[PDB]
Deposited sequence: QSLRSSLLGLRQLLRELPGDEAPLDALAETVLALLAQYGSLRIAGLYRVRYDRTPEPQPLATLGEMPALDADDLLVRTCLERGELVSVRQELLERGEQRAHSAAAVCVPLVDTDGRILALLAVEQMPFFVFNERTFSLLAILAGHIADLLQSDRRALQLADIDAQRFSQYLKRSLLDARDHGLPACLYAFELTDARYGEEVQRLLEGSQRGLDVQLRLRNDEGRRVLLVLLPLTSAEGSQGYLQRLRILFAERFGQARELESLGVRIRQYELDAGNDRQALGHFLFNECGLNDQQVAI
C-alpha cells in the first residue's frame, strides 16, 4: 500500500539520521511533504507543540504562501485541547501529530486545500498519517526504557494498530506461531525471523508451557494480505525444510487474530494470555 511504503520511507530516513539531531527538526520538510501529498494541500505549515499543548509560532516547514500563526486562533486552540483533527467545515484544518501515549508532538496547520478534498475521507487520511508519523519520531526515547528495543517497538506498533482499527476501521493481523516440537523449534523460529518484511514486527517469547512462540504483527494489512503472508511463508518453509514437510508437521501451531472494531474488548487478552499462554509481563500496550 502507498501508506505503508510512505511510512517505510520516513522510517528509513529516521534510521539513516546522523543520530545527534532532533528528528522533528531534521525531517520537518519530509513530514510536511507527506502530509501535503495525502491531503492535496496547497498552503500549510508544520509547527512544534510544547509539553503543555501550546504551539511554537516559528514554523518548522511551510508549503505555499504560508501566513504566520497568530496568538490564539480558535482552530489551533480547539485542535490542541482535543488532541484531534479539527476543521472549519459545515484556517481550514488543524491536524495534531499525536503519539500512542497521547503526546502532541507537532501541529499541521492548513490554510488552503482544494474544496473537493475538504471532506471526511481526506481528514481521515491526514489523521491516520499524522498518528503514524508521531510514533516514528519517538524512537529517540527507547534509550531510557528497560524493555528490549524489539519489545518496545512491538508494543508501540500493536497499540497504533489497535487505534487504527478502533478509530479508522483499518485492518491488521496478529499471528502467533507456537512451536511445539523442540527438535525443529530453533530453526523454524530463525526462518520466521528472517521472513520479516516492511512494517511487520515480531516478538520472540516462551509461553507458560515452555514453548517458543513467535508473535508477528502485520500493520495496515487487509485479510487478503494476511492470507498472502501465510502463502509466502509456506513457500519459504518448503524451500527451507522438506517439500514433504508442512509448517504443521514441524510442530508449528498457527493462531491468528484479526484486529477489528467489532471484536469484543476482552478478545485480544483471551488470544494472547489464554490461547497463546502468554502474560502481561511479555506483551502489553
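Comparing the deposited sequence against the modelled residues, what ranges come up empty for C-alpha?
Seq positions lacking coordinates: 91-103, a single run.
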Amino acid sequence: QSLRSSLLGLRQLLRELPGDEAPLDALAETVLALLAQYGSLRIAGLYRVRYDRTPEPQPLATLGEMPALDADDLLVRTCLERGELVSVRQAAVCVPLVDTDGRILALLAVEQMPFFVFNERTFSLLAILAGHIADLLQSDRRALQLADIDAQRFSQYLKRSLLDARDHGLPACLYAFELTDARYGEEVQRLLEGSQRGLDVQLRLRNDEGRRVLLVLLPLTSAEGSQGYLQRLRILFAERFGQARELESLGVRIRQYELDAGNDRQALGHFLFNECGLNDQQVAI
From here on, numbers count along this sequence of modelled residues.
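Which is higher in the entry, the mean Cα B factor of 200-208 or that of 79-87?
According to the entry, 79-87 carries the higher average C-alpha B-factor.
Name the higher of the two by mean Cα B-factor in the PDB entry, 56-64 versus 238-246.
The stretch with the larger mean CA B-factor is 56-64.
Taking the Cα B-factors listed in the entry, which of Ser195, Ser124, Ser139, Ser155 comes out highest?
The listed residue with the largest C-alpha B-factor is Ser139.
Looking at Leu46, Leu35, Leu27, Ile254, which has the highest CA B-factor as recorded?
Spelled out: the listed residue with the top C-alpha B-factor is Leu27.
Based on the deposited C-alpha B factors for this chain, I'd like to know if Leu230 is in the lowest, middle or highest third.
Tercile = lowest for this residue's CA B-factor.
Using the temperature factors of the C-alpha atoms in this entry, rank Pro171 within its chain: lowest, middle or highest third.
For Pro171, whose C-alpha B-factor we compare with every modelled residue in the chain, the answer is the lowest third.
Would the CA B-factor of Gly185 place it in the lowest, middle or highest third of its chain?
For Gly185, the deposited C-alpha B-factor lands in the lowest third.
State the tercile, meaning the lowest, middle or highest third, of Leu259 with respect to the CA B-factors recorded for its chain.
Middle third, going by the recorded CA B-factors of the chain.
Check where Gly102 lands among this chain's C-alpha B-factors and tell me if it's the lowest, middle or highest third.
For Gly102, the deposited C-alpha B-factor lands in the middle third.
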